[PDB]
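All remarks here apply to the structure that follows.
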Amino acid sequence: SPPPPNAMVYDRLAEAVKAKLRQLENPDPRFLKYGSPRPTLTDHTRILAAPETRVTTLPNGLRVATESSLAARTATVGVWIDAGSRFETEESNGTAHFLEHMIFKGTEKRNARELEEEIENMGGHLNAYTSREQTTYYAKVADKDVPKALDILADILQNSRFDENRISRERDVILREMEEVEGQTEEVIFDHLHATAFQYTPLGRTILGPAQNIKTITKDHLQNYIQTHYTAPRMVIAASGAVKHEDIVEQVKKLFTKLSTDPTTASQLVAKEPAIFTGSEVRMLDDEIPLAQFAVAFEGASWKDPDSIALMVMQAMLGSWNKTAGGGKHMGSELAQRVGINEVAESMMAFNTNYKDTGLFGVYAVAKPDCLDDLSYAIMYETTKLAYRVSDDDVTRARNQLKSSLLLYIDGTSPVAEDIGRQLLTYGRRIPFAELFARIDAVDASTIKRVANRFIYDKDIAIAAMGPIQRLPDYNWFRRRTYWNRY
Amino acid sequence: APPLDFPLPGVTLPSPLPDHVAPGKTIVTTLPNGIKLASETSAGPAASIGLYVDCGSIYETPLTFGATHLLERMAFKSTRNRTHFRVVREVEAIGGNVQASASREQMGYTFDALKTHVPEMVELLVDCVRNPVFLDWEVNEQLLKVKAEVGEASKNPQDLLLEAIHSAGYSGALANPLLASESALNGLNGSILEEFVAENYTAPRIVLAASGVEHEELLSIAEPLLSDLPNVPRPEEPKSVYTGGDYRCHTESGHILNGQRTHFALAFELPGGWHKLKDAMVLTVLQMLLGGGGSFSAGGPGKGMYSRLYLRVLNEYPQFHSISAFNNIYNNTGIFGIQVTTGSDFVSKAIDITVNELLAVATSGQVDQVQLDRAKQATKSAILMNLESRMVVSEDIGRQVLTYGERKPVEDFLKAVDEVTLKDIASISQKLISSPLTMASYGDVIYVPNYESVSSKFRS
Amino acid sequence: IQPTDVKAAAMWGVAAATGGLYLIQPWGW
Amino acid sequence: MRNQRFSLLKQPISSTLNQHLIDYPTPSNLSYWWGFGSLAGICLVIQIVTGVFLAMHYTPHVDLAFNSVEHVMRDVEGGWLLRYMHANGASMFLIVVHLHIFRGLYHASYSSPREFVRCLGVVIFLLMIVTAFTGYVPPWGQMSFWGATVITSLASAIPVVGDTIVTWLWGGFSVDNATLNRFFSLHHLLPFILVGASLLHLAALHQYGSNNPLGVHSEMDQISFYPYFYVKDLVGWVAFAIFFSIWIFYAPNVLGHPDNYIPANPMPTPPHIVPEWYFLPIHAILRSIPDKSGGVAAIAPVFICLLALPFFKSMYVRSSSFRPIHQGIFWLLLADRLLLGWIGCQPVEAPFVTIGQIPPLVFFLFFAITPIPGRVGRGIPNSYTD
Amino acid sequence: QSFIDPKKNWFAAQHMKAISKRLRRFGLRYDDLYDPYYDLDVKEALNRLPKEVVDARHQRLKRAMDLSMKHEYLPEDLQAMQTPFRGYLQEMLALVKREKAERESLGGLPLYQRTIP
Ligand SMILES: CCCCCCCCCCCCCCCCCC(=O)OC[C@H](COP(=O)(O)OCCN)OC(=O)CCCCCCCCCCCCCCCCC
Ligand code: HEM
Ligand code: HEM
Ligand SMILES: [Zn+2]
């Protein structure tokens, strides 16, 4: 009496849908033999073996470390220095960045043109970068030609000279460089955050320095700065790839001389005038901008503080989300799940910055001006739930992720040498892989709760926002959202 | 736990590796159904595992345009055996990173983690590539994402010019679009992608490649899973020819008052691609010799700021924004050209300067020997430093085995680079300037000469 | 997860009982 | 926006009334069982007006209350009309609300997303019962005195606090003038709380719309409220007025006990003490138990079950039209509830003890059974499919 | 179930005959009575189905509501041409519930939540 199941349009489509759902039903065990979605803690002792890190201090007090591996055809050499933008006087602020830009153009024995043609002819190149507490000059070169690179490095570090017309053209290009740092606003937000969370202390200042100061930066400042802060004990010479420790130490003992021997260590410059975290906010309102950016941050741990490992585990378990990621709404952490399901942001990225004697720990989201309060609510809810009721699968997953990230980042010779230099400046020694793992898997739910109570629970905050932020909750809202009255 | 400058007491340490480690040899294994399994061993604790397929953007009939972009977007999602939740949550459980990529000739899937996780990585990758199911709601979400991106995909003029060049200068399969257009997007759904995958992901066109896995592990793991793909003979490759052409699209009137830049390029071809090996590396070292430079960079003085083009254009002409040179060496064919952005009035003058530079490079007697040696050394150093990452090594193994059938070692390539002389570069350039000219302009165009004026300067 | 919740429930019960013995002050009980 | 005004009915001044009375969308197949909410609203308004005008001639004292009621009926112009409207409108109000409740039970209106409406309705029912019982006292007859005694001394069955709360409630040692004046003040106060609860009830319903005799999604075919359901409400109101006035004018004492025309005398007891006709089911359930604690704590399951119906979460079909077994259970429950009503007005001996103890068992088996159909029928599509 | 089935139990065939009669007289399928405001998973199950099936559902619902308002029933021929119990929604609903459970087990937040009234 009724039509057959094929006579009408909707019946056929319904049958097709049920056919697909049928062909989704039964799985195959042989494709489900080795993997599980439940995190577990596993030991990696039999793969963590790696070559040695020969460190040889010298009678002048200049440490030298190498990670020798004699199968490669390239090597990298550099000079990490324990000086940076923290150690200026607010009347010569950007002197470090200026000195970095200028050290590449003197060297009376070989003029600038000679420098770049020489480095280009062999096929290698060298870089340089600075920060608030470190400065780097490293040369990536071919294995056959390490001694030439070492000679270049020694000469540019020691016998540099500075000229007035050189000064003028460099100050013009640096004024330009300042003029194009304002178009990305992530570094603008972070400069404002660092200059309000650390007001009236050396960490407040910016790396570039005021344009009121870049104009009056003549050679006297450069010479005094290089003779004061570039001393023998505050330098480390590193090298990875295909090198030999004994040759390198030979010509290091031969070429590296004439260094100023000053009795001034970084620790005894940081001991007086330390970093003090206050807690404030800066709200920049423009309203002609389509998107709003803001960051909220507590205080943190030091380099040698034992709790920095737990802080990094926490940052891993408060992960990052982005609108073009493959996770979506299935991304493990609860904060990323809330942001992804409710579509209340463009991107968020928890951060963790360490220093000697202080640190920071925050979130930094970006979103439309009509979802700001929901975003802030979710952010603070998860930030406090860490201190209240941290689970166990979360902690195992976060420990796994931290292990994988830390090891997978080490790849090549530049990362290896950068690791060696940075760690020899911060910890005074290079942490092996085994000790780092044994420290990482020693953080449990109880330790997460304890450290969160120490750092997160009912402490002050620092906020920095920019754009159309007329719907962002005030400071008292954020301050009061650091505890729960139900417990 | 003491402070981090005090060693932890009870840690267990492993056995340190020697200072010299003997390098491994690539081992290639082929199965009766035609699939190839490669591997290698590395000193690092991390293993990168990939998968490559011969399918690509040129295997697209008029009905399935823009399918490969979604195949990139529908990479690791609901399969026949586990859901999208399971896939994401396992990958995060072990800590690995997973990606995918598409180009005009071949597809790629990648998955890397720590070395103790090899069987899990292999199983997940083979499952996510071999047995997918394309449910409609996920496809709709991805199509919405693609349309939203296309609504703002004009911020990258370089890829826009590259696609315009590959459209105008070519007429065969290599003229197909890679970044898709709205009509195909309205035409795509689950069934189209399903049929595309079913047709083009056959056994003889697949190859694994491991960069940190001893051969026995990966072989004993991949035999049970990858031995069931049925046997089918590889269909022949489509045909592309190089013709002249011209393309033109003045920028939007919503960009004119701001002083919109001008963007234009040139092109030529070489009859044989990677199969003309000694020709290919001559073309590469010629590319390094011409080099290029945007003049807006601040990097290390060794990034190629003594190339011919930089020295003889930028240190003299302040109107230019960014000169450059590129290449695209496909299978059996290649492409060489020059692309520049500059002020919008200086266009025909820029054409003049580029023409003079190419002509000077073409003839024999104008190129110094020290410049040739500099370019050779820079090329050798660049490739040696590029082979240092594990991911690059895995990609090299996979692509080389796809294109040839065996990994030709680094020594062969270096020896080939040593085979460059002024006669060889002169001859290759003469072969290069004996082909139709291609142009593609974008920006302030009503001031630009036509194809007639700029074709008149060159030969046939 | 259970222990913290149940301890908080017990302490809230203690608070409720203390409030009740504040509103009413019976020495006969 | 509409940069110049169009209508007075869409201005801010009349936006609320317009949106919630005139333009509100309702299903187009609502039947006559959906008028009793408005009809009960009108009943409440009638009660309030009539009471505010009776309370101008009534004196709350033990010496004067009876004589002041009789003064109203015999010496004030039309006062007999006021008293008869009040004393019969209480009964009409209870009748209408009972029909409302059984409508809600039939088409399963308590389920999601309308359980806040059901809970507020139960609270309203409690307030109604308290108000009527407190207000049956002020005439100070025989049944007023003895009903107050029995019901309010039923609160000493509770453990240790019992006698204390009974004595605090009575304001003394027995039901006397203090209780009378207290109850008068409570009676004048409670109906305004009733008004507030009714308005909250209506807001809670309007935030999701009403159900319909089908129990399906109803967002594709809706019509406004005016003039399509205003006229249907009008028909209902006129029929109700005819019924109410038949009660007032030609039989104003059929719905009461004759003993309340005898002034209160604490020494002699009436031979058969009962409350009004709309408390007899509770009264029968209450005397059905041969234990004070059990009898008092058996009312609590009644209100707990009535307040916990909405939270069973497996049934998928709402209307009883497509549910034969639940429909039969509905009719059988109705019969049993009437049986409790009739039993609540009889002497306590054979054969009424068994017939007073079993109907409570049935009245609780109703609220126990219904989830079992929920489960057993959740899996019905898989068996009967074609 | 041993006794729910109409094949072996004579007190279930009668039940299905009654339900099928009452569904035919208004011309709508048994899956039409599930409400998206009730369960909040029927909303997803219906959201994922193809457009034509949902459109047929809306049209059938409107037809039945018009019939109820007019106080009449479909003619006998359009009653013979009716198929209740021809499901279009069970499998999708079961699948959505399976994903919900599997997500609940491994931690994870809900994807959509009922609102407080
Ligand atoms: C006589 C003595 C009486 C003493 C008190 C006795 C109480 C007995 C009541 C027993 C019945 C159980 C009540 C349980 C309430 C909560 C149960 C519940 O299901 O809530 C959850 C539900 C939403 O949660 P859901 O989405 O389902 O879960 C997500 C899982 N991923 O939540 C919802 O769906 C929201 C529903 C809200 C509607 C109910 C609100 C409470 C009832 C309102 C009446 C109170 C008004 C009183 C006004 C005057 C106040 C004095
Ligand atoms: C003064 C007492 C009451 C008033 C004024 C009142 C009024 C109303 C009104 C006006 C409506 C909407 C219109 C309608 O559907 O007819 C309604 C709906 C409703 N009422 Fe009441 N009511 C009262 C008592 C009760 C009680 C005691 C209950 C339950 C124990 C109850 C349960 C309900 C339910 C379930 C609905 C839902 C309507 C629907 O399903 O469409 N009401 N009420
Ligand atoms: C402001 C609101 C009210 C006031 C001022 C009021 C006033 C009064 C007064 C003064 C009496 C005693 C007069 C007499 O008994 O003849 C009375 C009796 C009574 N009231 Fe009210 N009343 C109000 C509302 C209500 C409501 C809402 C109800 C029921 C829902 C109700 C039910 C009764 C009953 C049943 C009597 C008994 C009268 C009798 O049986 O003789 N009253 N009221
Ligand atoms: Zn710089």
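Just remember, in the structure tokens the first chain shown is A, the second B, etc., residues are 1-based per chain, and ligands are 1-based in the order shown.
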DSSP strand (DSSP E) residues within stretch 74-214 of chain A, listed as a list in words: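 Strand (DSSP E) members of stretch 74-214 of chain A, listed: residues 74, 75, 76, 77, 78, 79, 80, 81, 125, 126, 127, 128, 129, 130, 135, 136, 137, 138, 139, 140, 141 and 142 of chain A.
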Selected residues, C-alpha atoms, written as a CSV table (one decimal), in the first residue's frame, please.
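Okay, this is what ended up in part-v6.csv:
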chain,number,residue,atom,x,y,z
A,74,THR,CA,79.6,21.7,9.9
A,75,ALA,CA,80.3,23.4,13.3
A,76,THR,CA,79.2,26.5,15.1
A,77,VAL,CA,81.2,28.8,17.5
A,78,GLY,CA,79.9,31.6,19.6
A,79,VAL,CA,80.6,33.8,22.7
A,80,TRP,CA,77.8,34.0,25.2
A,81,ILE,CA,78.2,36.9,27.6
A,125,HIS,CA,77.5,33.5,8.3
A,126,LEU,CA,77.3,34.9,11.8
A,127,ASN,CA,74.5,36.4,13.8
A,128,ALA,CA,74.0,38.4,17.1
A,129,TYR,CA,71.2,39.1,19.5
A,130,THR,CA,70.7,40.6,22.9
A,135,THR,CA,74.3,39.0,24.7
A,136,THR,CA,75.3,36.6,21.9
A,137,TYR,CA,77.6,36.6,18.9
A,138,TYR,CA,77.9,33.3,17.2
A,139,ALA,CA,79.3,32.2,13.8
A,140,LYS,CA,78.0,29.2,11.8
A,141,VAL,CA,80.8,27.9,9.7
A,142,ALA,CA,82.1,24.9,7.8
Enumerate, in order of chain and increasing residue number, the residues of chain D with an atom no farther than 7 Å from ligand 2, each with its shortest atom pair and distance in Å to one decimal, counting only C-alpha atoms and all ligand atoms, as a Markdown table.
| residue | atom | partner | partner_atom_place_in_ligand_line | distance |
| --- | --- | --- | --- | --- |
| D:34 | CA | ligand 2 | 16 (O) | 3.8 |
| D:35 | CA | ligand 2 | 16 (O) | 4.8 |
| D:36 | CA | ligand 2 | 16 (O) | 5.4 |
| D:37 | CA | ligand 2 | 7 (C) | 3.7 |
| D:38 | CA | ligand 2 | 10 (C) | 4.8 |
| D:40 | CA | ligand 2 | 5 (C) | 5.1 |
| D:41 | CA | ligand 2 | 5 (C) | 4.5 |
| D:44 | CA | ligand 2 | 1 (C) | 6.8 |
| D:97 | CA | ligand 2 | 24 (C) | 5.7 |
| D:100 | CA | ligand 2 | 42 (N) | 6.1 |
| D:101 | CA | ligand 2 | 29 (C) | 4.7 |
| D:104 | CA | ligand 2 | 35 (C) | 4.6 |
| D:109 | CA | ligand 2 | 40 (O) | 4.2 |
| D:110 | CA | ligand 2 | 35 (C) | 5.4 |
| D:117 | CA | ligand 2 | 34 (C) | 5.9 |
| D:118 | CA | ligand 2 | 35 (C) | 5.0 |
| D:121 | CA | ligand 2 | 28 (C) | 3.9 |
| D:122 | CA | ligand 2 | 30 (C) | 4.5 |
| D:124 | CA | ligand 2 | 27 (C) | 5.8 |
| D:125 | CA | ligand 2 | 27 (C) | 4.6 |
| D:194 | CA | ligand 2 | 1 (C) | 6.8 |
| D:198 | CA | ligand 2 | 5 (C) | 5.3 |
| D:201 | CA | ligand 2 | 43 (N) | 6.9 |
| D:202 | CA | ligand 2 | 9 (C) | 6.1 |
| D:205 | CA | ligand 2 | 18 (C) | 6.6 |
| D:210 | CA | ligand 2 | 41 (O) | 3.7 |
| D:211 | CA | ligand 2 | 41 (O) | 4.0 |
| D:212 | CA | ligand 2 | 41 (O) | 6.4 |
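Using only C-alpha atoms, the chain A residues found within 9 Å of chain C amount to residues 388, 389, 390, 391, 486 and 487 of chain A.
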Neighbours of chain B in chain E at 9 Å, counting only C-alpha atoms, as a VMD selection string: chain E and resid 48 99 103
Proximal residues of chain E relative to chain A (only C-alpha atoms; 8 Å) as a list in words: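 So the contacting residues turn out to be residues 49, 50, 52, 53, 56, 80, 81, 82, 83, 88, 91, 92, 106, 108, 109 and 111 of chain E.
Closest approach to chain A among B:294, B:273, B:44, B:172: B:44, based on only C-alpha atoms.
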Residue list for chain B near chain A as a count of residues only, 6 Å, only C-alpha atoms: 27
8 Å shell around ligand 3 using only C-alpha atoms and all ligand atoms, listed as a PyMOL selection string: chain D and resi 44+47-58+69+83+86-91+93-94+128-129+131-139+184+187-192+194+256
Between atom CA of residue A:205 and atom CA of residue A:88 - distance in Å to one decimal: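 Calculated distance between atom CA of residue A:88 and atom CA of residue A:205 is 9.1 Å.
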Residue neighbourhood residue E:89, 8 Å, only C-alpha atoms, exclusion window fewer than 6 positions, as a VMD selection string: chain E and resid 31 45 to 46
Just C-alpha atoms for this one: save the residues we selected as a PDB file, in the first residue's frame.
ATOM      1  CA  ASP E  31      10.489   9.903  15.512  1.00  0.00           C
ATOM      2  CA  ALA E  45      21.208  14.609  15.859  1.00  0.00           C
ATOM      3  CA  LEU E  46      18.853  16.739  13.757  1.00  0.00           C
TER       4      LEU E  46
END
May I have a table of the residues of chain E lying at most 9 Å from ligand 1, giving each one's closest pair of atoms and their distance in Å to one decimal, counting only C-alpha atoms and all ligand atoms, ordered by chain and ascending residue number, as a tab-separated table?
residue	atom	partner	partner_atom_place_in_ligand_line	distance
E:104	CA	ligand 1	31 (N)	8.7
E:109	CA	ligand 1	31 (N)	8.4
E:110	CA	ligand 1	31 (N)	6.2
E:112	CA	ligand 1	31 (N)	8.5
E:113	CA	ligand 1	26 (O)	5.5
E:114	CA	ligand 1	26 (O)	4.6
E:115	CA	ligand 1	35 (C)	7.1
E:116	CA	ligand 1	35 (C)	4.6
E:117	CA	ligand 1	37 (C)	5.6
With C-alpha atoms retained, export the selected residues as a PDB file, in the first residue's frame.
ATOM      1  CA  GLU E 104      33.008  11.890  29.635  1.00  0.00           C
ATOM      2  CA  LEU E 109      34.343  19.143  29.033  1.00  0.00           C
ATOM      3  CA  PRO E 110      30.780  18.972  27.699  1.00  0.00           C
ATOM      4  CA  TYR E 112      26.708  22.008  25.022  1.00  0.00           C
ATOM      5  CA  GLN E 113      24.768  22.527  28.234  1.00  0.00           C
ATOM      6  CA  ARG E 114      21.147  23.002  29.236  1.00  0.00           C
ATOM      7  CA  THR E 115      20.320  26.496  30.458  1.00  0.00           C
ATOM      8  CA  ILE E 116      19.034  27.258  33.964  1.00  0.00           C
ATOM      9  CA  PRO E 117      15.371  28.415  33.686  1.00  0.00           C
TER      10      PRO E 117
END
Nearest to ligand 4, chosen from A:248, A:167, A:181, A:203, with only C-alpha atoms and all ligand atoms counted in the distances: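 Looking at the shortest contact to ligand 4, the residue is A:181.
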Spatial neighbours of stretch 457-460 of chain B, 8 Å, only C-alpha atoms, chain gap at least 4 places, as a list in words: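 Counting only the stated atoms, we get residues 355, 433, 434, 435, 436 and 453 of chain B.
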DSSP alpha helix (DSSP H) selection over chain E, as a ChimeraX atom specification: /E:10-24,36-39,42-47,51-70,76-80,90-105
Polymer residues at most 10 Å from residue B:445, only C-alpha atoms, same-chain spacing of 6 or more positions, as a list in words: residues 248, 249, 250, 251, 261, 262, 263, 264, 344, 345 and 347 of chain B
What would the file look like if the residues just selected were written as a PDB file, in the first residue's frame with C-alpha atoms?
ATOM      1  CA  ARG B 248      47.340  41.212 -15.730  1.00  0.00           C
ATOM      2  CA  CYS B 249      45.142  42.387 -12.866  1.00  0.00           C
ATOM      3  CA  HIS B 250      45.426  45.934 -11.563  1.00  0.00           C
ATOM      4  CA  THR B 251      44.996  46.058  -7.798  1.00  0.00           C
ATOM      5  CA  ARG B 261      53.268  48.942  -5.042  1.00  0.00           C
ATOM      6  CA  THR B 262      53.911  47.244  -8.379  1.00  0.00           C
ATOM      7  CA  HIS B 263      54.628  43.521  -8.649  1.00  0.00           C
ATOM      8  CA  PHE B 264      55.801  41.781 -11.816  1.00  0.00           C
ATOM      9  CA  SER B 344      54.692  52.323  -8.961  1.00  0.00           C
ATOM     10  CA  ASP B 345      56.188  54.857 -11.400  1.00  0.00           C
ATOM     11  CA  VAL B 347      58.130  50.107 -13.628  1.00  0.00           C
TER      12      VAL B 347
END
Spatial neighbours of stretch 10-26 of chain E, 7 Å, only C-alpha atoms, chain gap at least 2 places, as a PyMOL selection string: (chain D and resi 322+384) or (chain E and resi 4-6+8+28-29+64+73-74+79+82+84)
